[PDB]
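J.: no sequence on this one, just coordinates:
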């Protein structure tokens, strides 16, 4: 349809995979979508919803984020850069939230999921804020199997962009909580090669990346371009073979097409 959508099609064509993009420009609330209503495995981008759900709980429990949580040797999963330092000790929910969002610590995510009563608790929060698409079905690390055609642990680009806007720029969360989420996202350590690699350096942003089997490579971001209203951008990418390599460069390419199209 659009020129931007045509460029994204061309990128996808030589990418060797399936690309999903959703942009919301809050300057005018317009949207640009590519496979915007197709489902994609969220992988680590799902951590944003879990952290936000705990932030929502903290609105009625002022000391919740300071609540200690025991980390046991058995809790360690496949990637736990922060939690492994606290085995046989504790981490507060604020620490687990920061670890999950900024380092993609999987043990930390599992603690957030447990605090919400299981994967379904994350889905329940999504529904409460108006997201009828998002679904979390499993814990770390199996929520990242990313099997083609599998509806578990998926969402669509359109749905995730709308929810990320509501969480970071809208009123899904209380003012203090919304600010805390944005602060964590802006402090992410894993996104320089993804959406942000395709944006002008002056533009500041916060994001959450994701990687899974099938060469799944994702990123969701809130962007503050120089001189204009913020943008919310989601880029999902998945490939045909289970052992496919990550392609963060495809996400950066998509982001560049979006930026040049503004």
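T.: Perfect, I can see it now. Numbering: from 1, shown residues only.
J.: contacts only, for residue 150.
T.: Residues in contact with residue 150, defined by Cβ atoms under 8 Å, 6 or more residues apart in numbering, are residue 41. The way it works is simple: take the backbone N, C-alpha and C, and place the C-beta from them, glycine included.
J.: next one: residue 33
T.: 5, 21, 22, 23, 157, 158 are the contacts of residue 33 under Cβ under 8 Å, 6+ apart.
J.: for the most centrally placed residue in the chain, which non-adjacent residue is spatially closest?
T.: Centroid-nearest residue in the chain: residue 45, 2.5 Å away (criterion: Cα atoms, centre = their mean). Spatially, and ignoring its direct neighbours in sequence, residue 45 is nearest to residue 210 (4.2 Å; Cβ to Cβ, 6 or more residues apart in numbering).
J.: surely the one you found is in a helix?
T.: No. In this structure, residue 210 is strand, not part of a helix, as judged by DSSP: H, G, I helix; E, B strand; the rest coil.
J.: how many residues are close by it?
T.: Using other Cβ atoms under 10 Å, residue 210 is surrounded by 25 other residues.
J.: so which helix or strand takes in the closest residue to residue 75 other than its chain neighbours?
T.: Nearest non-adjacent residue to residue 75, counting by Cβ to Cβ, 6+ apart: residue 107, 5.2 Å away. Using DSSP states H and E, the secondary-structure element containing residue 107 is helix 106-115.
J.: list the contacts of that helix.
T.: Under Cβ under 8 Å, 6+ apart, the answer for helix 106-115 is 44, 46-47, 50-51, 53-54, 57, 69, 71, 75-80, 82-84, 91, 93, 95-97, 99-100, 119, 121-122, 136, 139-141.
J.: repeat the analysis, applying 7 Å as the threshold.
T.: 47, 50-51, 54, 69, 71, 75-80, 82-83, 93, 96-97, 99-100, 119, 122, 139-141 (Cβ atoms under 7 Å, 6 or more residues apart in numbering).
J.: after it, which helix or strand is next?
T.: Downstream of helix 106-115, the next assigned helix or strand under DSSP H and E is helix 119-128.
J.: buried residues, that next one. List them.
T.: Across helix 119-128, burial judged by 16 or more other Cβ atoms under 10 Å covers 119, 121, 122, 123, 125, 126.
J.: got it, and stretch 135-150?
T.: So stretch 135-150, judged by 16+ other Cβ under 10 Å, has buried residues 135, 136, 137, 139, 140, 141, 143, 144, 145, 146.
J.: and if you look at stretch 73-89?
T.: Neighbour count says stretch 73-89 has 75, 77, 79, 80, 82, 83, 86 buried, by 16+ other Cβ under 10 Å.
J.: could you work out the most separated pair of the residues you listed?
T.: Comparing every pair within these by Cβ to Cβ identifies 79 and 86 as the most remote, at 14.8 Å.
J.: quick one: the helices in the stretch 1-150 of the chain?
T.: The residue ranges that make up the helices of the stretch 1-150 of the chain, judged by DSSP state H, counting those that start in this stretch, are 3-13, 47-58, 93-103, 106-115, 119-128.
J.: to residue 238, which of those helices lies closest?
T.: Short answer: helix 3-13, nearest of the helices of the stretch 1-150 of the chain by Cβ to Cβ, at 11.1 Å.
J.: run a quick check on residue 173 versus residue 164, I expect a contact.
T.: No. Counting by Cβ atoms under 7 Å, residue 173 stays clear of residue 164, with 11.8 Å between them.
J.: what about those two, which has more around it?
T.: Taking neighbours as other Cβ under 10 Å, residue 173 and residue 164 compare with residue 164 leading, 30 against 22.
J.: torsion angles phi and psi at the more buried one?
T.: phi -60, psi -40 (degrees, to the nearest 10).
J.: for it, what are its contacts?
T.: Neighbour list for residue 164: 48, 220, 222, 232, 234 [criterion: Cβ under 7 Å, 6+ apart].
J.: if we use 10 Å, what do you get?
T.: Applying Cβ atoms under 10 Å, 6 or more residues apart in numbering to residue 164 gives the contacts 22, 24, 45, 48-49, 52, 131, 170, 172, 181, 185, 206-208, 220-222, 232-234.
J.: now do residue 20
T.: Residue 20 touches 8, 12, 33-40, 155-158, 160, 218, 234-238, 254, counting by Cβ under 10 Å, 6+ apart.
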